[PDB]
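first piece of the complex, coordinates kept as in the full assembly:
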Amino acid sequence: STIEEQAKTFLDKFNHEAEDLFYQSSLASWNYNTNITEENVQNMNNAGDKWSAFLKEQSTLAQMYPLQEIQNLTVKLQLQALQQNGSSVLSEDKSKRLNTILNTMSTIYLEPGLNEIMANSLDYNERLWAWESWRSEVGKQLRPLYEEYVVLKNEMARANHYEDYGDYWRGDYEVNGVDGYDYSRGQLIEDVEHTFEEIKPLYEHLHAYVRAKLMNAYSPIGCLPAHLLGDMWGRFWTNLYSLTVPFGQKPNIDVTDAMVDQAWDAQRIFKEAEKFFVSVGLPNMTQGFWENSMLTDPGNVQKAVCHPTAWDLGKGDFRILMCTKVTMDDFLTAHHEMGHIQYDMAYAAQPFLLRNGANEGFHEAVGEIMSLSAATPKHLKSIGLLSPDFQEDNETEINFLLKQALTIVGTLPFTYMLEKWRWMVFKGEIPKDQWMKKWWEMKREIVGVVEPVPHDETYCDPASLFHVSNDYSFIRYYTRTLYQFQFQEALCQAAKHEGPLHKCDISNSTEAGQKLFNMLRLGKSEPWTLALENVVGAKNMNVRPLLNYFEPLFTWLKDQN
Amino acid sequence: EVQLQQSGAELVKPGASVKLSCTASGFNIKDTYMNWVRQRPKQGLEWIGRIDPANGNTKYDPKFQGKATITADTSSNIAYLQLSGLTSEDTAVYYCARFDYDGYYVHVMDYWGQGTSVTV
């Protein structure tokens, strides 16, 4: 009869076909990832083409139901997610060109040579030469390719009523049709700018500390060298830890010796993670997780990708891919991946198109909060990896906080600068002959880092990054960083914790578990603003909990500087 | 709509043979039984036999044993009845019917055919 019932019937059929097709595709992908052979690649490609063809046909069929006469919100959301044609909006020649260019970018695009070279070597000349060579070799080739790729994505975006490709990227945060929880796309720009303005003082103090240490190692009022952050680009500042520790005679908490003495393995680590998640009121892992996952390297006979990933194959199939060694870093990455898995199992009851996080920054926030809880000294003391006679003092707290601030606070200026530069390149506010004429300015004004060698417009510097050459967004890291500390503050307050937020744990508490599960079970059906307010009480990202967490280090840095 | 279509009239000389067809539309014959019934001129109705196309098992009225054979092809959705050794007393109209209360179900309806006239 009415359009709504027909749309409901169409969605009912679509879900039941898509479940099986997606399961087959994911099974083929898993079979490839754990065993690299030609036949596995063949099966992967056939499954991928089948899934893509089915989705294209279903989108073409779905575009016949108008969104104007739908009142039910969930049906509207599913139809909106299904009617987006995407790359098919362009001509066949343009689509073939774009796909060929994507493959070209992937193949032209460091590991493990240069990364280790600038991660360990302390010679200025080697770092400078490697930096200059890497930015002069691959970028110059990809500058016109990046320009034409931007043009093609630009035409694709205006073919879908988006003002720019950046608008299409920001569209993941847009909420419409709900009174009081609406979120425009430029509000993300606005509140990101406001939050970075609030963040700036702590970054200024920490950068002053780090540059003072480097001056003691290598201008008093100039900008930090670009090739001394420890990696190719400056994404993380962990590589400087030994060169920037406050108290150089205080050993850190590395429990690897204890794990080796107690003869641990992957199974013990994952059972510890399962115990931690069960303690807070969440379900334990399924039998398929233990029967089908790959938690150890399959020897040397067969090759596999050792990057740790969490798989939700569908039909109640959840797995973890890991090449586990007996270290503390693996002990925390296990918690991260199992938190990802728990989030995946949380919203399995939602329809197929609504089985996802609220936005791109929720999954990794949920992953991060668990590692935060499990990295505290009290948690390690409880499970027996730390001696009961351990003494906690100011120096150890400052050391741990400086580790955290190097790995967290320093990345935010780089992430925000990269996102803003991409967004205003897509906007068209930066003429071509002046492109880098903006870039290295924002590297100075925002990030506070000066380039070591001047470069003209012939370069394509930021295409040297993995995500830039692989067509990925970048603000998800900023959203993750804010959301994880907001969630941690909310759960710790709900768990009746006394003292600074940097020592809090959520173990053995069911109130925090219920608070987190109320949001996890929602999925993408419910707008992310209302889901956020359910847990923290606010409807937008905030920076106060992060500063509350980092206040002791802020005070120490204010004293030191 | 569910329909059962039968073959046309057949003239059979004594001692000869003929195969009758009952084509089913609207459902799959694998899910139910199919019955065969015969009515002689100015006489009553007599049950011949039945077949389950799912596995091919058949039941017969023993006075028709050796005279009629029932076969079903699930791919073509057709049921067959083969008659051999016909005499002048086999002139009648043959029916293929689909009762559903013979599987002991509830809220069911019967479907019959149009009948094939066989003269000997």
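Received it, and whenever you're ready, just let me know what you need. Numbers count the residues shown, from 1 in each chain, chains lettered A, B, ... in the order given.

rest of the way, CA atoms for contacts and neighbours
OK.

burial of residue A:7, as a residue count?
For residue A:7, the neighbour count with other C-alpha atoms under 10 Å in any protein chain shown is 21.

so the nearest residue to residue A:314 once chain neighbours are set aside, which state does it fall into?
Distance criterion C-alpha to C-alpha, 6 or more residues apart in numbering or on different chains; nearest residue to residue A:314, sequence neighbours excluded, is residue A:23 at 5.8 Å. Residue A:23 falls in the helix class when you classify it by DSSP: H, G, I helix; E, B strand; the rest coil.

list the contacts of residue A:23.
A:313, A:314, A:315 (C-alpha atoms under 8 Å, 6 or more residues apart in numbering or on different chains).

give me the contact list for the helix or strand where residue A:401 lies.
In this structure, residue A:401 is located in helix A:394-408 according to DSSP states H and E. Helix A:394-408 has contacts (C-alpha under 8 Å, 6+ apart) with A:236-238, A:241, A:245-247, A:250, A:252, A:481, A:550, A:552-553, A:556.

make it 6 Å
The contact list for helix A:394-408 (C-alpha atoms under 6 Å, 6 or more residues apart in numbering or on different chains) reads A:236, A:237, A:238.

can you check stretch B:25-34 too?
With contacts defined as C-alpha under 6 Å, 6+ apart, stretch B:25-34 is touched by B:2, B:3, B:50, B:51, B:52, B:53, B:54, B:98.

so what's the residue nearest the centre of chain B closest to, chain neighbours aside?
Centre of chain B computed as the mean C-alpha position; nearest residue by C-alpha atoms, centre = their mean is residue B:36, 3.2 Å away. Closest residue to residue B:36 apart from its sequence neighbours, by C-alpha to C-alpha, 6+ apart: residue B:96 at 4.7 Å.

that neighbour belongs to a strand?
Yes - counting by three-state DSSP, residue B:96 falls inside a strand.

any idea how far it is from residue A:95?
59 Å (C-alpha to C-alpha, to the nearest Å).

just give me the neighbour total for residue B:107.
Count around residue B:107 with other C-alpha under 10 Å applied: 6.

kindly apply the preceding question to residue A:300 instead.
7.

and the host helix or strand of residue B:118, what other elements does it pack with?
In this assignment (DSSP H and E), residue B:118 forms part of strand B:116-119. For strand B:116-119, the elements it packs on are strand B:92-97, judged by 3 or more C-alpha pairs under 6 Å, 6 or more residues apart in numbering or on different chains; DSSP states H and E.

with the structure above as the base, add chain C:
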Amino acid sequence: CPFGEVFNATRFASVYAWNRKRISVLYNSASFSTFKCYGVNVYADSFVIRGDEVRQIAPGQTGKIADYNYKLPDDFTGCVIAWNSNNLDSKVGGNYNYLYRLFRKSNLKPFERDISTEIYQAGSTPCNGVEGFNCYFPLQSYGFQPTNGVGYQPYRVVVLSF
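So that you can see how it sits with the rest, here is chain C on the chains above:
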């Protein structure tokens, strides 16, 4: 009573064409995951469904199976037995021999069996016997693999009505 051929049959029927057969060790067999008796000739009705659907075989339930495939009356006076059959009804690559009905114009009356394959109509244009826009084939096939979760694995269900 011939309970062995009822419970140990090699092939089970689909839920849309559920099979009906006319008729202490069963209770103590301990090989059944679900054994629920309501109210306390015998009819044994056998079919195969998903695990998450086993909750729908009960008086006063709603869903796809309860309304379109198999309905139990409010004053039910029998027992329901259900057990997992992943080791028999699942195979590598998928087992697609089991079907179920997804669309129907009205809810099924108790103990009703619909096997019609007429194309369901959702809009106003007649289907004319061919699948297309707003016209769907009613029966859809399950997909069973040995790696699926407990709720997505096949379950054999036998209902005894006295």
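
same as before for the contacts of helix A:394-408, with chain C this time.
So helix A:394-408 is contacted by A:236, A:237, A:238 (C-alpha under 6 Å, 6+ apart).

SS state for the first one?
For residue A:236, the secondary-structure state derived from three-state DSSP is coil.

residues in contact with it?
Taking C-alpha under 6 Å, 6+ apart, we find residue A:236 in contact with A:407, A:411.

tell me the phi and psi of it?
Recorded main-chain torsions at residue A:236 are phi -130, psi 150, according to degrees, to the nearest 10.

distance of it from residue A:401?
15 Å.

ok, now the second one?
Taking C-alpha to C-alpha as the measure, residue A:237 and residue A:401 are separated by 13 Å.

neighbour-wise, which of the two wins?
residue A:237 (22 against 19).

residues touching that one, list them.
Taking C-alpha under 6 Å, 6+ apart, one finds A:229, A:406, A:407 in contact with residue A:237.

neighbours around the residue of chain B found nearest chain C, how many?
Closest contact between chain B and chain C, by C-alpha to the nearest C-alpha, is at residue B:27 (5.1 Å). Residue B:27 sits with 17 neighbouring residues when counted by other C-alpha under 10 Å.

residue B:113 now?
By other C-alpha under 10 Å, the burial measure for residue B:113, its neighbour count, is 17.

can you tell me which residues contact it?
Applying C-alpha under 6 Å, 6+ apart to residue B:113 gives the contacts B:4, B:95, B:96.

considering these, which possesses the most neighbours?
residue B:96 (28 neighbours).

separation between it and residue C:45?
27 Å.

got it, and residue B:97?
24 Å.

for residue B:100, same thing?
With C-alpha to C-alpha as the criterion, residue B:100 and residue C:45 are 15 Å apart.

please tell me how far the closest residue to chain A within chain C sits from residue A:314.
Closest to chain A within chain C is residue C:149: 4.3 Å, counting by C-alpha to the nearest C-alpha. Separation of residue C:149 from residue A:314 (C-alpha to C-alpha): 9 Å.

can you give me the helices in the stretch 251-400 of chain A?
In the stretch 251-400 of chain A, the helices defined using DSSP state H, counting those that start in this stretch lie at A:256-261, A:266-279, A:287-292, A:328-346, A:363-374, A:377-383, A:394-408.

need these in a markdown table (columns: distance to residue A:178).
Listed next are the helices of the stretch 251-400 of chain A as a markdown table, based on distance: least, C-alpha to C-alpha, whole Å:
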| stretch | distance to residue A:178 |
| --- | --- |
| helix A:256-261 | 51 |
| helix A:266-279 | 34 |
| helix A:287-292 | 38 |
| helix A:328-346 | 24 |
| helix A:363-374 | 23 |
| helix A:377-383 | 42 |
| helix A:394-408 | 34 |
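
also put chain D in, sequence below:
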Amino acid sequence: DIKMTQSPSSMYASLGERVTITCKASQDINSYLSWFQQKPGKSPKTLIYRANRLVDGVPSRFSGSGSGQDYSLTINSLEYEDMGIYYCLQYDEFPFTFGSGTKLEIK
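Putting chain D together with the chains above:
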């Protein structure tokens, strides 16, 4: 073979008169009986199964009752469209057996 008996063979009834037909079996059949009506030149149609259950669409004036070895069919308000031959069938044990038939006519 379960021999099946029907009575009467033929009767006349006016419009609106009630008519009962008897259907008796040689042994217990557990109330597995069905009723058929055949109009002149047409194929038979099932009216009642399980001896008291009506097929959907059948007029409510039709009724059936009986248990054990005695079963019956009753029509309340006989109309023009009720003339024909009536049969009753058993399907409890193989082979299935029909009745001899009852012919109904209108004065």
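
back to the neighbour count of residue A:7, now that we've got chain D?
23.

sec struct for it, please.
Under three-state DSSP, residue A:7 falls in the helix class.

what about it, distance to chain D?
Note on residue A:7: its distance to chain D, by C-alpha to the nearest C-alpha, to the nearest Å, is 32 Å.

residue numbers of chain C in contact with chain B?
By C-alpha under 6 Å from any C-alpha of the partner chain, the residues of chain C that approach chain B are C:111, C:112, C:116, C:117.

can you report how many residues neighbour residue A:398?
20.

same check, this time on residue B:51
Counted with other C-alpha under 10 Å, residues neighbouring residue B:51 total 23.

not counting the helix or strand harbouring it itself, show me its contacts.
According to DSSP H and E, residue B:51 maps onto strand B:45-52. For strand B:45-52, the external contacting residues (C-alpha under 6 Å, 6+ apart) are B:33, B:34, B:35, B:36, B:37, B:38, B:39, B:57, B:58, B:59, B:60, B:61.

for stretch A:240-255, same thing?
Counting by C-alpha under 6 Å, 6+ apart, no residue sits against stretch A:240-255.

one more time with 7 Å
Here stretch A:240-255 makes contact (C-alpha atoms under 7 Å, 6 or more residues apart in numbering or on different chains) with A:210, A:213, A:229, A:230, A:328, A:385, A:399, A:403.

so what's the residue count around residue D:72?
Neighbour tally, residue D:72, other C-alpha under 10 Å: 20.

and the residue lying closest to it once chain neighbours are set aside, how far is that from residue D:45?
For residue D:72, ignoring the flanking residues on the chain, the nearest one in space by C-alpha to C-alpha, 6+ apart is residue D:22 at 4.7 Å. Between residue D:22 and residue D:45 the computed distance is 19 Å (C-alpha to C-alpha).

what's the answer for residue D:95, then?
Separation of residue D:95 from residue D:45 (C-alpha to C-alpha): 20 Å.

give me phi/psi at residue C:7?
phi -90, psi -30.

apologies, that question was intended for residue C:78.
phi -140, psi -150.

rewinding a little: for the strand holding residue B:118, which strands pair with it and how are they oriented?
Strand B:116-119 has the following strand partners under DSSP bridges: strand B:10-11 (parallel), strand B:92-97 (antiparallel).

ranking those strands by burial, who's on top?
strand B:92-97 (a mean of 22; mean count of other C-alpha atoms under 10 Å in any protein chain shown).

how distant is that one from the center of its chain?
Put simply, strand B:92-97 sits 6 Å off its chain's centre (C-alpha atoms, centre = their mean, to the nearest Å).
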